[PDB]
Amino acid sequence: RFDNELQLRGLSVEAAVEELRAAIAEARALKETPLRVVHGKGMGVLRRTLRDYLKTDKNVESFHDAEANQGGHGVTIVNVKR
C-alpha cells in the first residue's frame, strides 16, 4: 500500500489520460509527489499511451516504471515538479 495511487485499469486511453492530467495538476498544487499510476500490464496499451502523454505534461519532472516488486511495468511512477 502506497499514497497517491491512481487506479486506471479498465479505462479507455482517453479517459485514463484525462484522469492522469487532472491528478498531476492537483498534485503539483498540493506539492505531492511521487504519484503511482496503476494502469496494469495487459497489452501495454494504457502504459504506452500514458507515457506518450507524460512526455508533454509540464508539471512532470520525470516518470518511469515502478520497481519490479512494487508493480513493475504495470505502474508508472510520476515525479511531480515542486
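From 1 onward, residues are counted along the sequence shown.
Undergrad: Using the B-factors recorded in the PDB entry, average over the C-alpha atoms of 1 to 9 and of 73 to 81, then report which stretch comes out higher.
TA: The recorded data point to 1 to 9.
Undergrad: Among all modelled residues of this chain, ranked by Cα B factor, put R48 in the bottom, middle or top third, i.e. lowest, middle or highest.
TA: For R48, whose C-alpha B-factor we compare with every modelled residue in the chain, the answer is the middle third.
Undergrad: C-alpha B factor of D65, ranked within the chain: lowest, middle or highest third?
TA: Middle third of the chain for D65's C-alpha B-factor.
Undergrad: Comparing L35 with the other modelled residues of its chain, is its CA B-factor in the lowest, middle or highest third?
TA: Ranked within chain, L35 CA B lands in the middle tercile.
Undergrad: Ranked by Cα temperature factor within the chain, is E14 in the lowest third, the middle third or the highest third?
TA: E14: CA B-factor falls in the highest third of its chain.
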